[PDB]
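Data file: final00.pdb. Format and content: PDB, C-alpha atoms.
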ATOM      1  CA  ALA A   1     -21.434  -5.610   8.897  1.00  0.00           C
ATOM      2  CA  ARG A   2     -19.816  -2.433   7.426  1.00  0.00           C
ATOM      3  CA  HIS A   3     -19.371  -0.186   4.380  1.00  0.00           C
ATOM      4  CA  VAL A   4     -17.513  -1.422   1.276  1.00  0.00           C
ATOM      5  CA  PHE A   5     -15.428   0.582  -1.209  1.00  0.00           C
ATOM      6  CA  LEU A   6     -13.812  -0.382  -4.517  1.00  0.00           C
ATOM      7  CA  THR A   7     -10.294   0.822  -5.285  1.00  0.00           C
ATOM      8  CA  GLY A   8      -7.632   0.210  -7.986  1.00  0.00           C
ATOM      9  CA  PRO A   9      -6.674   1.922 -11.267  1.00  0.00           C
ATOM     10  CA  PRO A  10      -9.437   3.497 -13.419  1.00  0.00           C
ATOM     11  CA  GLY A  11     -10.115   1.629 -16.660  1.00  0.00           C
ATOM     12  CA  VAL A  12     -13.902   0.954 -16.608  1.00  0.00           C
ATOM     13  CA  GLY A  13     -15.644  -2.260 -15.632  1.00  0.00           C
ATOM     14  CA  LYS A  14     -16.107  -2.182 -11.833  1.00  0.00           C
ATOM     15  CA  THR A  15     -19.017   0.218 -12.612  1.00  0.00           C
ATOM     16  CA  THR A  16     -21.055  -2.742 -13.863  1.00  0.00           C
ATOM     17  CA  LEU A  17     -20.055  -5.079 -11.004  1.00  0.00           C
ATOM     18  CA  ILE A  18     -21.661  -2.477  -8.734  1.00  0.00           C
ATOM     19  CA  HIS A  19     -24.654  -2.339 -11.197  1.00  0.00           C
ATOM     20  CA  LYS A  20     -25.013  -6.136 -10.850  1.00  0.00           C
ATOM     21  CA  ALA A  21     -24.804  -5.694  -7.059  1.00  0.00           C
ATOM     22  CA  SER A  22     -27.750  -3.246  -7.586  1.00  0.00           C
ATOM     23  CA  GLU A  23     -29.875  -6.147  -9.013  1.00  0.00           C
ATOM     24  CA  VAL A  24     -29.001  -8.777  -6.450  1.00  0.00           C
ATOM     25  CA  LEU A  25     -29.869  -7.191  -3.181  1.00  0.00           C
ATOM     26  CA  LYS A  26     -33.036  -6.308  -5.128  1.00  0.00           C
ATOM     27  CA  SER A  27     -33.568  -9.972  -5.976  1.00  0.00           C
ATOM     28  CA  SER A  28     -32.973 -10.584  -2.204  1.00  0.00           C
ATOM     29  CA  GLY A  29     -35.702  -7.976  -1.371  1.00  0.00           C
ATOM     30  CA  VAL A  30     -33.237  -5.307  -0.126  1.00  0.00           C
ATOM     31  CA  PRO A  31     -34.295  -2.055  -1.929  1.00  0.00           C
ATOM     32  CA  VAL A  32     -30.926  -0.387  -2.620  1.00  0.00           C
ATOM     33  CA  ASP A  33     -30.848   3.366  -3.366  1.00  0.00           C
ATOM     34  CA  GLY A  34     -28.449   6.150  -4.450  1.00  0.00           C
ATOM     35  CA  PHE A  35     -27.027   7.219  -7.842  1.00  0.00           C
ATOM     36  CA  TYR A  36     -24.597   6.223 -10.606  1.00  0.00           C
ATOM     37  CA  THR A  37     -23.186   8.455 -13.384  1.00  0.00           C
ATOM     38  CA  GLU A  38     -23.332   6.915 -16.917  1.00  0.00           C
ATOM     39  CA  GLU A  39     -21.351   7.883 -20.031  1.00  0.00           C
ATOM     40  CA  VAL A  40     -23.773  10.085 -21.972  1.00  0.00           C
ATOM     41  CA  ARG A  41     -23.101   9.060 -25.564  1.00  0.00           C
ATOM     42  CA  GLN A  42     -25.895  10.342 -27.849  1.00  0.00           C
ATOM     43  CA  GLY A  43     -25.449   7.745 -30.632  1.00  0.00           C
ATOM     44  CA  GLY A  44     -21.852   7.042 -29.506  1.00  0.00           C
ATOM     45  CA  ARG A  45     -20.058  10.396 -28.985  1.00  0.00           C
ATOM     46  CA  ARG A  46     -19.068  11.613 -25.490  1.00  0.00           C
ATOM     47  CA  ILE A  47     -21.157  14.805 -25.024  1.00  0.00           C
ATOM     48  CA  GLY A  48     -21.261  15.020 -21.189  1.00  0.00           C
ATOM     49  CA  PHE A  49     -22.261  12.828 -18.196  1.00  0.00           C
ATOM     50  CA  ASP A  50     -25.609  12.250 -16.372  1.00  0.00           C
ATOM     51  CA  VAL A  51     -26.477  11.170 -12.823  1.00  0.00           C
ATOM     52  CA  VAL A  52     -28.855   8.179 -12.922  1.00  0.00           C
ATOM     53  CA  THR A  53     -30.701   7.258  -9.689  1.00  0.00           C
ATOM     54  CA  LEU A  54     -31.838   3.683  -8.903  1.00  0.00           C
ATOM     55  CA  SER A  55     -35.381   5.239  -9.207  1.00  0.00           C
ATOM     56  CA  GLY A  56     -34.723   5.658 -12.997  1.00  0.00           C
ATOM     57  CA  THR A  57     -34.425   9.487 -12.834  1.00  0.00           C
ATOM     58  CA  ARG A  58     -31.215  10.909 -14.396  1.00  0.00           C
ATOM     59  CA  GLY A  59     -29.693  14.374 -14.047  1.00  0.00           C
ATOM     60  CA  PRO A  60     -27.561  16.670 -16.005  1.00  0.00           C
ATOM     61  CA  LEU A  61     -23.959  16.570 -14.768  1.00  0.00           C
ATOM     62  CA  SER A  62     -21.653  18.166 -17.343  1.00  0.00           C
ATOM     63  CA  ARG A  63     -22.022  19.432 -20.912  1.00  0.00           C
ATOM     64  CA  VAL A  64     -19.801  21.080 -23.561  1.00  0.00           C
ATOM     65  CA  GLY A  65     -18.640  24.671 -22.850  1.00  0.00           C
ATOM     66  CA  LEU A  66     -15.639  27.013 -22.947  1.00  0.00           C
ATOM     67  CA  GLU A  67     -12.947  26.798 -20.259  1.00  0.00           C
ATOM     68  CA  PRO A  68     -13.442  29.149 -17.262  1.00  0.00           C
ATOM     69  CA  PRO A  69     -11.584  32.448 -17.852  1.00  0.00           C
ATOM     70  CA  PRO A  70      -9.349  33.486 -14.893  1.00  0.00           C
ATOM     71  CA  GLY A  71     -12.120  35.877 -13.646  1.00  0.00           C
ATOM     72  CA  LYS A  72     -15.302  33.720 -13.992  1.00  0.00           C
ATOM     73  CA  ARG A  73     -15.282  30.525 -11.950  1.00  0.00           C
ATOM     74  CA  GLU A  74     -16.670  27.373 -13.589  1.00  0.00           C
ATOM     75  CA  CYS A  75     -15.822  23.652 -13.175  1.00  0.00           C
ATOM     76  CA  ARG A  76     -14.155  22.210 -16.310  1.00  0.00           C
ATOM     77  CA  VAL A  77     -12.891  18.594 -16.093  1.00  0.00           C
ATOM     78  CA  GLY A  78     -11.113  18.479 -19.482  1.00  0.00           C
ATOM     79  CA  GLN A  79     -13.594  19.727 -22.072  1.00  0.00           C
ATOM     80  CA  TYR A  80     -17.024  19.615 -20.347  1.00  0.00           C
ATOM     81  CA  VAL A  81     -18.065  21.874 -17.489  1.00  0.00           C
ATOM     82  CA  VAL A  82     -19.775  20.163 -14.527  1.00  0.00           C
ATOM     83  CA  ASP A  83     -22.032  21.850 -11.995  1.00  0.00           C
ATOM     84  CA  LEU A  84     -22.706  20.979  -8.328  1.00  0.00           C
ATOM     85  CA  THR A  85     -26.398  21.742  -8.856  1.00  0.00           C
ATOM     86  CA  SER A  86     -26.483  19.118 -11.653  1.00  0.00           C
ATOM     87  CA  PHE A  87     -25.767  16.614  -8.853  1.00  0.00           C
ATOM     88  CA  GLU A  88     -28.084  18.291  -6.258  1.00  0.00           C
ATOM     89  CA  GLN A  89     -31.078  17.752  -8.631  1.00  0.00           C
ATOM     90  CA  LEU A  90     -31.204  14.069  -7.574  1.00  0.00           C
ATOM     91  CA  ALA A  91     -27.866  13.082  -5.880  1.00  0.00           C
ATOM     92  CA  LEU A  92     -29.006  14.832  -2.633  1.00  0.00           C
ATOM     93  CA  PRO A  93     -32.210  13.131  -1.311  1.00  0.00           C
ATOM     94  CA  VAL A  94     -31.026   9.657  -2.531  1.00  0.00           C
ATOM     95  CA  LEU A  95     -28.316   9.632   0.165  1.00  0.00           C
ATOM     96  CA  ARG A  96     -30.873   9.634   3.001  1.00  0.00           C
ATOM     97  CA  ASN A  97     -34.536   9.312   2.109  1.00  0.00           C
ATOM     98  CA  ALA A  98     -36.424   8.993   5.448  1.00  0.00           C
ATOM     99  CA  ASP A  99     -35.522   7.233   8.717  1.00  0.00           C
ATOM    100  CA  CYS A 100     -37.603   5.430  11.357  1.00  0.00           C
ATOM    101  CA  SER A 101     -38.141   1.935  12.832  1.00  0.00           C
ATOM    102  CA  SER A 102     -34.599   0.416  12.853  1.00  0.00           C
ATOM    103  CA  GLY A 103     -34.011  -3.340  13.362  1.00  0.00           C
ATOM    104  CA  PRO A 104     -34.868  -5.297  10.172  1.00  0.00           C
ATOM    105  CA  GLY A 105     -34.407  -3.402   6.890  1.00  0.00           C
ATOM    106  CA  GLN A 106     -31.141  -1.448   7.108  1.00  0.00           C
ATOM    107  CA  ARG A 107     -30.504   0.503   3.818  1.00  0.00           C
ATOM    108  CA  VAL A 108     -27.882   0.446   0.994  1.00  0.00           C
ATOM    109  CA  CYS A 109     -26.464   3.646  -0.590  1.00  0.00           C
ATOM    110  CA  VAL A 110     -24.725   3.404  -3.983  1.00  0.00           C
ATOM    111  CA  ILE A 111     -22.169   6.107  -4.871  1.00  0.00           C
ATOM    112  CA  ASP A 112     -19.981   5.076  -7.803  1.00  0.00           C
ATOM    113  CA  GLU A 113     -17.266   7.662  -8.717  1.00  0.00           C
ATOM    114  CA  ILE A 114     -15.903   9.369  -5.592  1.00  0.00           C
ATOM    115  CA  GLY A 115     -12.550  10.417  -7.130  1.00  0.00           C
ATOM    116  CA  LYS A 116     -12.877  12.744 -10.143  1.00  0.00           C
ATOM    117  CA  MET A 117     -14.809  15.347  -8.107  1.00  0.00           C
ATOM    118  CA  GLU A 118     -12.071  15.696  -5.325  1.00  0.00           C
ATOM    119  CA  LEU A 119     -11.742  19.492  -5.957  1.00  0.00           C
ATOM    120  CA  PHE A 120     -15.312  20.465  -7.003  1.00  0.00           C
ATOM    121  CA  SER A 121     -16.630  18.222  -4.186  1.00  0.00           C
ATOM    122  CA  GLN A 122     -18.789  20.479  -1.988  1.00  0.00           C
ATOM    123  CA  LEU A 123     -22.211  19.026  -1.108  1.00  0.00           C
ATOM    124  CA  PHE A 124     -20.611  15.540  -1.279  1.00  0.00           C
ATOM    125  CA  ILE A 125     -18.690  15.976   2.047  1.00  0.00           C
ATOM    126  CA  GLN A 126     -21.980  17.088   3.703  1.00  0.00           C
ATOM    127  CA  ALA A 127     -24.483  14.662   2.159  1.00  0.00           C
ATOM    128  CA  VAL A 128     -22.097  11.692   2.435  1.00  0.00           C
ATOM    129  CA  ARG A 129     -21.511  12.421   6.174  1.00  0.00           C
ATOM    130  CA  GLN A 130     -25.313  12.583   6.707  1.00  0.00           C
ATOM    131  CA  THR A 131     -25.342   9.124   5.072  1.00  0.00           C
ATOM    132  CA  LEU A 132     -22.406   7.887   7.261  1.00  0.00           C
ATOM    133  CA  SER A 133     -24.418   9.191  10.267  1.00  0.00           C
ATOM    134  CA  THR A 134     -27.251   6.762   9.425  1.00  0.00           C
ATOM    135  CA  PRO A 135     -26.922   3.306  11.111  1.00  0.00           C
ATOM    136  CA  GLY A 136     -29.164   1.596   8.524  1.00  0.00           C
ATOM    137  CA  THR A 137     -27.596   2.796   5.250  1.00  0.00           C
ATOM    138  CA  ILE A 138     -24.696   0.747   3.820  1.00  0.00           C
ATOM    139  CA  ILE A 139     -22.256   2.898   1.884  1.00  0.00           C
ATOM    140  CA  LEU A 140     -21.188   1.094  -1.284  1.00  0.00           C
ATOM    141  CA  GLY A 141     -18.962   2.991  -3.741  1.00  0.00           C
ATOM    142  CA  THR A 142     -15.892   3.560  -5.915  1.00  0.00           C
ATOM    143  CA  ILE A 143     -12.924   5.628  -4.641  1.00  0.00           C
ATOM    144  CA  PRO A 144      -9.447   5.766  -6.350  1.00  0.00           C
ATOM    145  CA  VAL A 145      -6.304   4.347  -4.711  1.00  0.00           C
ATOM    146  CA  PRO A 146      -4.378   6.455  -2.210  1.00  0.00           C
ATOM    147  CA  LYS A 147      -1.207   7.538  -4.009  1.00  0.00           C
ATOM    148  CA  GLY A 148       0.204  10.883  -2.913  1.00  0.00           C
ATOM    149  CA  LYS A 149      -2.240  13.674  -2.211  1.00  0.00           C
ATOM    150  CA  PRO A 150      -5.423  12.965  -0.186  1.00  0.00           C
ATOM    151  CA  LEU A 151      -8.584  13.504  -2.240  1.00  0.00           C
ATOM    152  CA  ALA A 152     -10.572  16.192  -0.275  1.00  0.00           C
ATOM    153  CA  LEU A 153     -13.766  14.019  -0.340  1.00  0.00           C
ATOM    154  CA  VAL A 154     -12.324  10.495  -0.059  1.00  0.00           C
ATOM    155  CA  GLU A 155     -10.811  11.883   3.209  1.00  0.00           C
ATOM    156  CA  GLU A 156     -14.299  11.965   4.804  1.00  0.00           C
ATOM    157  CA  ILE A 157     -14.611   8.170   4.221  1.00  0.00           C
ATOM    158  CA  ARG A 158     -10.833   7.401   4.663  1.00  0.00           C
ATOM    159  CA  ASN A 159     -11.427   8.569   8.261  1.00  0.00           C
ATOM    160  CA  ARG A 160     -13.382   5.380   9.012  1.00  0.00           C
ATOM    161  CA  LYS A 161     -10.698   2.703   8.218  1.00  0.00           C
ATOM    162  CA  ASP A 162     -13.501   0.130   8.924  1.00  0.00           C
ATOM    163  CA  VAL A 163     -14.726   0.090   5.289  1.00  0.00           C
ATOM    164  CA  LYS A 164     -13.795  -2.998   3.244  1.00  0.00           C
ATOM    165  CA  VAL A 165     -11.347  -2.009   0.461  1.00  0.00           C
ATOM    166  CA  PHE A 166     -11.762  -4.099  -2.700  1.00  0.00           C
ATOM    167  CA  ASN A 167      -8.741  -3.594  -4.994  1.00  0.00           C
ATOM    168  CA  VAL A 168     -10.070  -4.532  -8.443  1.00  0.00           C
ATOM    169  CA  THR A 169      -7.818  -5.828 -11.220  1.00  0.00           C
ATOM    170  CA  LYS A 170      -8.471  -6.040 -14.969  1.00  0.00           C
ATOM    171  CA  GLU A 171      -7.619  -9.723 -14.460  1.00  0.00           C
ATOM    172  CA  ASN A 172     -10.316 -10.944 -12.037  1.00  0.00           C
ATOM    173  CA  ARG A 173     -12.355  -7.765 -12.771  1.00  0.00           C
ATOM    174  CA  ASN A 174     -15.741  -9.538 -13.151  1.00  0.00           C
ATOM    175  CA  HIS A 175     -15.135 -11.614  -9.980  1.00  0.00           C
ATOM    176  CA  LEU A 176     -15.525  -8.792  -7.504  1.00  0.00           C
ATOM    177  CA  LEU A 177     -19.336  -8.417  -7.673  1.00  0.00           C
ATOM    178  CA  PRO A 178     -20.116 -11.479  -5.399  1.00  0.00           C
ATOM    179  CA  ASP A 179     -17.064 -10.692  -3.200  1.00  0.00           C
ATOM    180  CA  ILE A 180     -18.677  -7.322  -2.365  1.00  0.00           C
ATOM    181  CA  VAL A 181     -22.146  -8.885  -1.818  1.00  0.00           C
ATOM    182  CA  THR A 182     -20.482 -11.383   0.586  1.00  0.00           C
ATOM    183  CA  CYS A 183     -19.373  -8.438   2.760  1.00  0.00           C
ATOM    184  CA  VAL A 184     -22.778  -6.653   2.456  1.00  0.00           C
ATOM    185  CA  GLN A 185     -25.018  -9.707   3.283  1.00  0.00           C
ATOM    186  CA  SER A 186     -22.642 -10.511   6.174  1.00  0.00           C
ATOM    187  CA  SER A 187     -25.119  -8.183   7.964  1.00  0.00           C
ATOM    188  CA  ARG A 188     -27.617 -10.700   9.447  1.00  0.00           C
ATOM    189  CA  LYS A 189     -30.108 -11.901   6.906  1.00  0.00           C
TER     190      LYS A 189
END
Reformat the file's structure so that it appears as structure tokens.
Amino acid sequence: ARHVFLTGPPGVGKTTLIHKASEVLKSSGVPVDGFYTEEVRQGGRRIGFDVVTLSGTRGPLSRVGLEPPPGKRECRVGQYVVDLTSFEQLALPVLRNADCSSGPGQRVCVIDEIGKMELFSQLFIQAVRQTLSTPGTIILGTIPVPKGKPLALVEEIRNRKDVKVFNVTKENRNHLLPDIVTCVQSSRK
């Protein structure tokens, strides 16, 4: 079978249909890997983001800080300042831990959120193409829709065409989980 990407408008929910997909392959004995950001809300206020891994590790990602002055480069998204190293802490090996054997096993690689970072995106382009090099690993992720300008990281995947493109709605939002798994497990069990 082939890679699968979500698309549509942002509005939060698809995140958890991927999370459910990250229980189900597991319940089918397919040890999925990769990372997912979650909304770091210490007692319910947005203070930054993290980068969880399916191994239960979670990174920094962004935290509160001043905007970058016109001399000192930093990576502000609105209020918080991200860092590429905050990803590299964990969102770097998880793309492609090991290789050998081939045949039965394959791999699955979760990458929710490939859309916000389209300017800061640096090690993404690299690490993601090392993942797309692997024949076993099954890219599974969330890009935005193409409207106007090409996102300078979604381009690296857009290249393929072959990836399934699941346009979510807010209507049938919670339906898409099995519809993705259908495409994934279309690889010979």
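Applied to the file shown here, the PyMOL selection byres ((chain A and resi 167) around 8) selects residues 6, 7, 8, 165, 166, 168 and 169 of chain A.
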Once the PyMOL selection byres ((chain A and resi 188) around 12) has been applied to the shown file, what residues remain in the selection, as a ChimeraX atom specification? /A:1-2,103-106,182-187,189
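Across A:116, A:58, A:160, A:149, the tightest approach to residue 76 of chain A is made by A:116 when counting only C-alpha atoms.
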Go through segment 66-177 of chain A and flag each residue having an atom no more than 12 Å from segment 24-46 of chain A; for those, report the closest pair of atoms plus their distance in Å to one decimal, using all atoms listed in the file, ordered by chain and rising number, as a tab-separated table.
residue	atom	partner	partner_atom	distance
A:79	CA	A:46	CA	10.4
A:80	CA	A:46	CA	9.7
A:86	CA	A:37	CA	11.3
A:87	CA	A:35	CA	9.5
A:88	CA	A:35	CA	11.2
A:89	CA	A:35	CA	11.3
A:90	CA	A:35	CA	8.0
A:91	CA	A:35	CA	6.2
A:92	CA	A:34	CA	8.9
A:93	CA	A:34	CA	8.5
A:94	CA	A:34	CA	4.8
A:95	CA	A:34	CA	5.8
A:96	CA	A:34	CA	8.6
A:97	CA	A:33	CA	8.9
A:98	CA	A:33	CA	11.9
A:104	CA	A:30	CA	10.4
A:105	CA	A:30	CA	7.4
A:106	CA	A:30	CA	8.5
A:107	CA	A:32	CA	6.5
A:108	CA	A:32	CA	4.8
A:109	CA	A:34	CA	5.0
A:110	CA	A:34	CA	4.7
A:111	CA	A:35	CA	5.8
A:112	CA	A:36	CA	5.5
A:113	CA	A:37	CA	7.6
A:114	CA	A:36	CA	10.5
A:116	CA	A:37	CA	11.6
A:127	CA	A:34	CA	11.5
A:128	CA	A:34	CA	10.9
A:131	CA	A:34	CA	10.4
A:136	CA	A:32	CA	11.5
A:137	CA	A:32	CA	9.1
A:138	CA	A:32	CA	9.0
A:139	CA	A:34	CA	9.4
A:140	CA	A:34	CA	9.4
A:141	CA	A:36	CA	9.5
A:142	CA	A:36	CA	10.2
A:177	CA	A:24	CA	9.7
Could you tell me which residues the PyMOL selection byres ((chain A and resi 83) around 12) returns for this structure, as an MDAnalysis selection string? chainID A and resid 48:51 59:65 73:77 80:82 84:89 117 120:123
Once you have the residues from the selection above, write them out as a PDB file, in the coordinates of the input, restricted to C-alpha atoms.
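Okay, out29.pdb is ready:
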ATOM      1  CA  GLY A  48     -21.261  15.020 -21.189  1.00  0.00           C
ATOM      2  CA  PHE A  49     -22.261  12.828 -18.196  1.00  0.00           C
ATOM      3  CA  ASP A  50     -25.609  12.250 -16.372  1.00  0.00           C
ATOM      4  CA  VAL A  51     -26.477  11.170 -12.823  1.00  0.00           C
ATOM      5  CA  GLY A  59     -29.693  14.374 -14.047  1.00  0.00           C
ATOM      6  CA  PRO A  60     -27.561  16.670 -16.005  1.00  0.00           C
ATOM      7  CA  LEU A  61     -23.959  16.570 -14.768  1.00  0.00           C
ATOM      8  CA  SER A  62     -21.653  18.166 -17.343  1.00  0.00           C
ATOM      9  CA  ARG A  63     -22.022  19.432 -20.912  1.00  0.00           C
ATOM     10  CA  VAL A  64     -19.801  21.080 -23.561  1.00  0.00           C
ATOM     11  CA  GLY A  65     -18.640  24.671 -22.850  1.00  0.00           C
ATOM     12  CA  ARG A  73     -15.282  30.525 -11.950  1.00  0.00           C
ATOM     13  CA  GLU A  74     -16.670  27.373 -13.589  1.00  0.00           C
ATOM     14  CA  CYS A  75     -15.822  23.652 -13.175  1.00  0.00           C
ATOM     15  CA  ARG A  76     -14.155  22.210 -16.310  1.00  0.00           C
ATOM     16  CA  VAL A  77     -12.891  18.594 -16.093  1.00  0.00           C
ATOM     17  CA  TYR A  80     -17.024  19.615 -20.347  1.00  0.00           C
ATOM     18  CA  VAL A  81     -18.065  21.874 -17.489  1.00  0.00           C
ATOM     19  CA  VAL A  82     -19.775  20.163 -14.527  1.00  0.00           C
ATOM     20  CA  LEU A  84     -22.706  20.979  -8.328  1.00  0.00           C
ATOM     21  CA  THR A  85     -26.398  21.742  -8.856  1.00  0.00           C
ATOM     22  CA  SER A  86     -26.483  19.118 -11.653  1.00  0.00           C
ATOM     23  CA  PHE A  87     -25.767  16.614  -8.853  1.00  0.00           C
ATOM     24  CA  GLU A  88     -28.084  18.291  -6.258  1.00  0.00           C
ATOM     25  CA  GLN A  89     -31.078  17.752  -8.631  1.00  0.00           C
ATOM     26  CA  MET A 117     -14.809  15.347  -8.107  1.00  0.00           C
ATOM     27  CA  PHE A 120     -15.312  20.465  -7.003  1.00  0.00           C
ATOM     28  CA  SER A 121     -16.630  18.222  -4.186  1.00  0.00           C
ATOM     29  CA  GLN A 122     -18.789  20.479  -1.988  1.00  0.00           C
ATOM     30  CA  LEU A 123     -22.211  19.026  -1.108  1.00  0.00           C
TER      31      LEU A 123
END
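Nearest-residue note for residue 179 of chain A: choosing from A:158, A:164, A:52, A:146, the minimum distance belongs to A:164, counting all atoms listed in the file.
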Closest of A:151, A:176, A:66, A:125 to residue 17 of chain A - atom-to-atom distances counting all atoms listed in the file: A:176
With all atoms listed in the file as the counted atoms, please give the residues lying no more than 7 Å from residue 152 of chain A, apart from itself and same-chain residues fewer than 3 positions off, as a CSV table (one decimal) with C-alpha atoms, in the coordinates of the input.
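Everything below was put into selection15.csv:
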chain,number,residue,atom,x,y,z
A,118,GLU,CA,-12.1,15.7,-5.3
A,119,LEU,CA,-11.7,19.5,-6.0
A,155,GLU,CA,-10.8,11.9,3.2
Separation of atom CA of residue 20 of chain A from atom CA of residue 102 of chain A in Å: 26.4 Å
